[PDB]
Structure formats: structure tokens, C-alpha cells
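Shown next as C-alpha cells: one chain only, the form deposited in one PDB entry.
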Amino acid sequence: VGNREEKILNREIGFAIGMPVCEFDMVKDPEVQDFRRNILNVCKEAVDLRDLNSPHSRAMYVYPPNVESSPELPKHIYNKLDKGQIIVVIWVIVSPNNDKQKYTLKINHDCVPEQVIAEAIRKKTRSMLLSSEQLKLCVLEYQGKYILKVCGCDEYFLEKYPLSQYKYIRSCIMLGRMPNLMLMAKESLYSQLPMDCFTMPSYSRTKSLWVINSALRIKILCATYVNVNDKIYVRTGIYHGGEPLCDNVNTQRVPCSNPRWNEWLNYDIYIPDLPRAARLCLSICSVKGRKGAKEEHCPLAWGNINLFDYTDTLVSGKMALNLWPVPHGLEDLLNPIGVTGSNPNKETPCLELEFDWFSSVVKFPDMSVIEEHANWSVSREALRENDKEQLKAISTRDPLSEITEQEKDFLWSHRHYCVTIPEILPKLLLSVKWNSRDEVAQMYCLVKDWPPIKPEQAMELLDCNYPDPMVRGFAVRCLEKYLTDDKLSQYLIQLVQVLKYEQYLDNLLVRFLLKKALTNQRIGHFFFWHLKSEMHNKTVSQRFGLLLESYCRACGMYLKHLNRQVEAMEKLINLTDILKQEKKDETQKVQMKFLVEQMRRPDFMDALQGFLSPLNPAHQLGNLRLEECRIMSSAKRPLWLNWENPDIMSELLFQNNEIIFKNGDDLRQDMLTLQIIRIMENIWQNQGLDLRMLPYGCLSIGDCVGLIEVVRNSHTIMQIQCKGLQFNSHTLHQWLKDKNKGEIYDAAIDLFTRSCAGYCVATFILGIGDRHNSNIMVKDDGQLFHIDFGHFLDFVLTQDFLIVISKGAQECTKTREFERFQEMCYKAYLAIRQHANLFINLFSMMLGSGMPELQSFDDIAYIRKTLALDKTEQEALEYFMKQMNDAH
């Protein structure tokens, strides 16, 4: 209650989320107060998991192993090693002034970290000498005392994975670099671990629906807070997710001067037929067209309502709700995919409703009644290999393939046999008439004991197409059994967005994410920032705020570290804001004079030093080398920031950490593209194709503010032609030769044509636009990559690139080098097409976000054309070869 530590904790988490937690106590919503109380056992669950095998389990929480998905190395990666072995440099600190000595070892890549240490102990003991005292004392007491640590960052090898499965070692093998690892004592790391102190907060202390012989009707009494700029009306509609359960109905047009309706709207649906996730979607529309002009319908404000509350009670009686402003355009007068709930702002259009009052409290039937009605329907209703093969054909369809009404009836008839093919469940679920209690009851029973499926397929059951709780509960339980922490971080942004699709705060998906965020701090780091970046959106600030509160209440001492990051970001947000407010027109020189004069301030220079990088919490940021900080030459004044790496062996990784801070552009689309590029590269690497990509780090921390990783030794191909004085078509091959001479030249041409192939396929499939010479960059060794992924889903090859691919020849298209090049594009294009369902799922899960290029499924339908999903795989290759050989 008034516990001194709780008053301090409540103040600390209020600084991290941007709003005081006393505002949550003011909320009178019984669902909100129930969430704060009932979510706490998830906090208790994860804290107990951290303290299970202490202190090793606490070290695993704070420093979890950044590990790859599979220990198996592909053929082309294994051949990069010297007869299966890898050379690793082991370091150790000796002087109190941080002096270092090294051992270089040639070990198998399979060796666990403890066996790598066993080689160093063997090498050290062979230099000294003792008999029956070396094996007895030295070997025994030097074992179980040390661990391996990456030189330069806070990554530890705390688990007995194969050494090559760690992502740092895997990258050194693929780049030719040599791993630099540091030995340190276990008790030196355990002494630096924080102490857990999680205690429960103070706030921790009659008629069935199917017996209602009536049709659904809803009143619209009147509205308030409307400003005129002819007539207005309210458009309503019962929705199950994004699909309407019946025809939409409007009200009689009333002049906007004084709006009163007081009319009952009848809906073509029986009350016993209302599904669990049934929602009322309504809005207020204006009609502005008379005397010579076609009348125009535009929505003023909107607002959705759950027909059942979180206690499975059908809403009845009078009700008022404030409506939300129109979204970024709309493709209709209604917004079903919108969020459900009343607007906290009370100077907004408020609409007073009245739902039918039946004399008793109406509840949704429990599963015992539902299962009994299901067996009644199937009993009243009382193998062929031909259509059995067709069921497999329907299973392989992409999630946006039009399933005809004949195929829907075909799937639903064979609903008991398609449990043999469990991946057909999403196709079967969309062939269900959710406005029929007879069908939904039988569908509840089949999903009740449905065979679990892969995480990539179960995430599809979490987008806006599947709002039923039983369907989502099955999808969550599939993730709880099969989703590793590696893949959870990979699809974390998608799984965070689909939280908005849940109609209740206390659900099963949020408990799975919160538990994993409090069990893995690498997860909880980005889990925090994805939630925090959207706290400005008042449509989700209450859900994400209450979730952040429960996280920050049990995340441990990492809250203190997050508050350093928040305060550092708010200082950068304030600096770039007034930089735009007062110095937008002034030139870059006087802008810099203002910049450095504000960064020398103590309050500022204290907050921007000594904190973890939000791009990667393993990267420590120390002193701000403001001599190297500058305002870049872009539209919205990006801040090139340079910190020093405070790690004891920063020189072995990097002494300076350069990060771009952008304030002006929306970075949500750049995140998604870079995530997909990362996934495409993982698909290509796992099946032979060595196509090196470069998905540099990018993180959105708020409304059009975020961080961008700086890639080193990279030059825009304009900066290549600009040094060399106007455009020419052979300069790219010359600079790549001037930086790669002799034997090194052939490898640079190799890396160039592979990265160029991977980005020709990536930019074509994703359909990213506005590709010009200033969007394409090249590294020193020849790695090509792209930047600025502002627009996608709205065919690249240049004579300059082909000359480099064919090693300077004139007839580059008729070259054996070029034939190997396009063969890589063909194998890479088909590789992405075989995983087309995964990429379609990721895009469709991101529809709940407010991204401009992702508002409807028709935006996602662009990749169906580039991947040619309606045609055959060969017909798709024929399509790609013609599209990518047009001229060029």
C-alpha cells in the first residue's frame, strides 16, 4: 500500500512508460482492474523460473545465449573451415590496468564452451610443470570456474551449445574473421548479477444465450459533440473479425444541427447464433452532395463494441461511448479492424445506445452445453483417394488464395477427415458459417483436440481473420510447445501487433509473451520497446500501458537500465524537436553551433552516456564522442552519433559505436523490410545458396523516431561515380578493383554478384520502389546492399552492375559468369516462393498497425503476382525469367 519500496517502484515504472501508474488506479473499468490483479501470477511464474537453478538460471535470464536455430552447418559453410576445425583466439586480463594476453587455438567447431576452456587449461598447464599436482590441483580448480565471453560486447557463452551455433562464431566463419573470446571467472559474473526483489503490489489484495427466442436489435438514442462544416447518419454492422455476420443497416438521415434518432435497428441474425467474438462496429457519416453534385459519404468518427464482455456476459441496457477520429483514410464508412472501446477524451462525439434488455443476465453457454449441442447436430446429420488428394491441394494454397464456395462446402463436409492434414485448419476455419451455432459448436469440438501444428502456421490463426477465442487459444498453445526463443525474437514484432486483435486485456497470447519477456531479457528488451513505441497511440495506450506496467513490475533490475535508455531517447527527441522548431530553416553550420552548445550541458551529457544501446542491449554506450557527432545531409536532420565502447577489450570488436538517430520519418516499414530481408537470407543460407544480405539494425522507439545502424566502409554508388567528373558506365568495376587488387579481386567479384542477386530478387518480390543510385551502397570488399525502404508493394539490373558481374567484358549478357548469376536468382526466387505462406502471414499480421502501405489485404496481394502463386512453379519461373531478362 504505502510501502516505501512500492512508492519508489511505482515512480520508476511511471518514468519508463511515460504515464504515472496512479492513472491506472483511477480507471473504474472492472476489466482493467481485473487485468492488473490477475496477470500477476505470470510475473510470479517467471520469477520462480529465474531463481530455479540460481545463480546460473539468473545469468541465463540476463545474458541468454544468442544462438542459431540449428547446430547443423550447411555444406557451403562447413567448407569454410580448415578440415572441420576453427581457429579461435582466447584472451584473458592480467594487470589491474586491463592488460591482456592471448592464446590462439585450433579446435573443432562442435566443441561446447567448456571443452574450449579445457583446451586452454591443457595448453597453460603444458607450459608449466608439476607431477600429481598439475592434474590434481590445477586441472580441478580451474575447471568450473571460468566462462567464455565475446570481446567487445556483453555476450556470454553460458550454455553448452556447440560453439559454431552461437551467432557470433557463425558470423566469423561466414566472413573469414577470427573469433576473439575472453575468459572470465563465473563468480566475477555472478557478483555483478542483480538481486531479485519481486513482491506482489498492493492492488493484488443466470440465463443462457441459446434460450433467447428473439432477433438482434439495437437502438441509437442520440449523439453529442458534433461540429458542422448537410445531414448525418450512423452506419452500423455486426462483425466477426473483419467479416460481417449480416447486412449493415443505417439510420434515417437527421440534420447535423440537432441529431436525434431513437430508432431500433434490426439485424438478420438470431441471438442464439451470435459467435463469441461477435462485435458491433458503428460510425457517424455525413452526406455532402446536393443541387448538381453527386452526394458524398464520409465517416466522421467510429467506434466498435464487444457484444460480450470479458465475463462472457451479453451486453444489455443503455450504453454510451465516445468515438475515435477517422483513421489514415479508410476503404469504407466502417472500421471493423479498429480497436474496441470508448474514447478516454470526452470532448469527442459521444453516441448513446441501448441494447435489448431480456429480464435476466445473459451469458455465453459453457463448453459442456456447446459440446452436447455439437453431438446433437452431428447425430441428426446421420476415404476416397480422389478427393483425398484434393484436400492436400487445398492445404498448399497460400493464405490469400480465393477458396471458392464449392471448395468451402467440400472442406466443411470432410471436416472429420481433415484432422489427418492438420495444416488445413485455417482453410477449414474460413469455410465455417460463424453465424450458425450448429456449425460453430461442431468446430469448437474439432479444434478442442486438434493436432498441434508448426509455429509458422499457427501464427496465421492470430491475425484479423480468426477472432474466435478457441481458435486463438489453440494457436497460443502451439507456440507454447514449439516456438523457441530464437524464433520468438524473430517474429516478435508480428506477435506484438496481433495483441490489438484480442478483444480482451486478459487473454492467453499476452500471458505467453509476458512470461517469455520476463524469462528472456533479450526478448523483454525489444518487447518493452515495441510496446513503448506505440504509447503515443491513444487507441492502444491503455492495453500496452497496463502490459508495460506488469512487465516493469517484475523485469528485475533491468528496469533501471531501461530508464537510462528512455531518458537518453527523450533528450534526443527534445533536442531534434527544438532543432526543427527554431533552426529548421537555418543552415547546417549554425544548426551545429546550436547542437554542440546544447550537448555540452551537464544534464544532457550525463543522460547520453553510460547506457545500453536500444538497437542491441549487448552494445554498451559510454562517453559521447561529440567531436564526431554531426547532423547528416537529409531532409529531417538525422543525428549521426558516436559513442566509445566501454568494454575492456573494445579494440578487438570496435572502439566506437556509431548510431543514426532519425526524428521525422516513419521507421515501421523499414523494420518490416529489414526483418523480411533477414528471413530471406536465412532461407537461402539453409539450402545452399550463399547470397549475403545486409539487414542492418533498425528500431522504432516512438512516433516517427528511431535508431538506424551505421554500416562501416560503405559507399553510395553515386559517391563512387561522383569521386570519379560526371557519370560513366565502367567506374564501378574500377573502384572495386582499386580497393581489391590481385588475388583478392576474384573474391570481391564473387561477393558482389551474390549480394546483387539476393537484392534483385528481394526488391522484386517485395516490390520496393524508387530504387536509384543513392539508394544502393557497396562495401569495400564488394558487398552490395540497399537502404531507405520507405515504400513497398506499390525489376532492377543496370549495365554498370552487369559489367562488374562479367568482370569487365563488353558482351556481359553472353558470359559464363552471367549464366551463373541468373541461375542464383532462379534458385533464390523459387526458394522464397516455397516459403510464400510465411511472408504472407507476416504481412497480414501487420495489418493491425497503422502503416500506410498495409491497410488491406489487396496491398498484400501484390506479392501474389510477383511470386505467381496462382500459376505453377514452372510457370512462375517462366514468369520470373521473362520479367528479369526484359532488356538488361
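Take the two forms, find the largest set of C-alpha atoms that superpose within 1.5 Å, and that set is the rigid core. Residue numbers here begin at 1 and follow the sequence given.
- Query: Relative to this form, superposed by the core, which stretch has the greater CA RMS in 7 other deposited structures of this protein: 244 to 252 or 743 to 751?
  - Reply: Relative to the shown form, the greater RMS C-alpha distance in 7 other deposited structures of this protein belongs to 244 to 252.
- Item | Which of 367 to 375 and 676 to 684 strays further in 7 other deposited structures of this protein - Cα RMS after rigid core alignment | Of the two stretches, the larger average C-alpha offset in 7 other deposited structures of this protein falls on 367 to 375.
- Query: Other compared entries: residue 581 unbuilt in at least a third?
  - Reply: Modelled in all the others, so no.
- Are coordinates for residue 725 absent from at least a third of the other PDB entries that model its neighbours? Yes, residue 725 lacks coordinates in at least a third of the other entries compared.
- residue 724 to residue 725: deposited residues without atomic coordinates: Unresolved stretch here: 4 to 9 residues.
- Item | Where residue 79 meets residue 80 in the shown sequence, the number of deposited residues left unmodelled | In the deposited sequence, nothing is left without coordinates between these two.
- Message: Per the record, averaged over C-alpha atoms, which has the higher B-factor: 237 to 245 or 714 to 722?
- Response: Stretch with the greater average CA B-factor: 714 to 722.
- Task: Between 130 to 138 and 70 to 78, point out the one with the higher average CA B-factor as the PDB entry records it.
- Result: Averaging CA B-factors over each stretch, the winner is 130 to 138.
- Query: Between 673, 379, 542, 520, which carries the biggest CA temperature factor in the record?
  - Reply: That would be 379.
- Task: Using the entry's values, work out which of 165, 587, 729, 435 has the largest Cα B factor.
- Result: Result of the comparison over 165, 587, 729, 435: 729.
- Query: With respect to C-alpha B-factor, does residue 849 fall in the lowest, middle or highest third of the chain as deposited?
  - Reply: Within its chain, residue 849 is a highest-third residue by C-alpha B-factor, going by the deposited values.
- Message: Considering every modelled residue of the chain and its Cα B-factor in the PDB entry, is residue 837 in the lowest, middle or highest third?
- Response: For residue 837, whose C-alpha B-factor we compare with every modelled residue in the chain, the answer is the middle third.
- Query: According to the PDB entry, is the CA B factor of residue 345 in the bottom, middle or top third of its chain, that is, lowest, middle or highest?
  - Reply: Ranked within chain, residue 345 CA B lands in the highest tercile.
- residue 58 CA temperature factor, ranked by third within the chain: Middle third of the chain for residue 58's C-alpha B-factor.
- Item | Where the record places residue 25 (Cα B-factor, split into thirds across the chain) | Middle third of the chain for residue 25's C-alpha B-factor.
We do not show the form deposited with a small molecule bound, though everything after this point is about it.
- Message: Residue-level question: is residue 825 within 4.5 Å of the small molecule in the deposited complex, judged on heavy atoms?
- Response: Looking in the deposited complex, residue contacts with the small molecule do not include residue 825, since no heavy atom lies within 4.5 Å.
- Query: Does residue 683 reach the small molecule in the deposited complex if we count a contact as any heavy atom within 4.5 Å?
  - Reply: Taking the distances in the deposited complex, the answer for residue 683 is no, it never comes within 4.5 Å of the small molecule.
- Query: Do residue 848 and the small molecule come within 4.5 Å of each other in the deposited complex, heavy atoms counted?
  - Reply: Judged by the heavy-atom cut-off of 4.5 Å, residue 848 is in contact with the small molecule in the deposited complex.
- Exercise: residue 856 in contact with the small molecule in the deposited complex, heavy atom 4.5 Å: Contact with the small molecule, yes.
- Pick the stretch from 830 to 838, 36 to 44, 848 to 856, 62 to 70 whose residues have a heavy atom within 4.5 Å of the small molecule in the deposited complex. Of the options, only 848 to 856 has residues within 4.5 Å of the partner.
- Task: Identify whether the small molecule in the deposited complex is within 4.5 Å of every residue in the set 526, 617 and 675, based on non-hydrogen atoms.
- Result: Checked in the deposited complex: no contact with the small molecule for any of the three.
- the small molecule isn't shown here, but in the deposited complex which of 492, 796, 400, 319 has a heavy atom within 4.5 Å of it? So the residue touching the small molecule in the deposited complex, by this definition, is 400.
- Item | The single option of 391, 280, 464, 271 touching the small molecule in the deposited complex, heavy atom within 4.5 Å | Flagged contact: 464.
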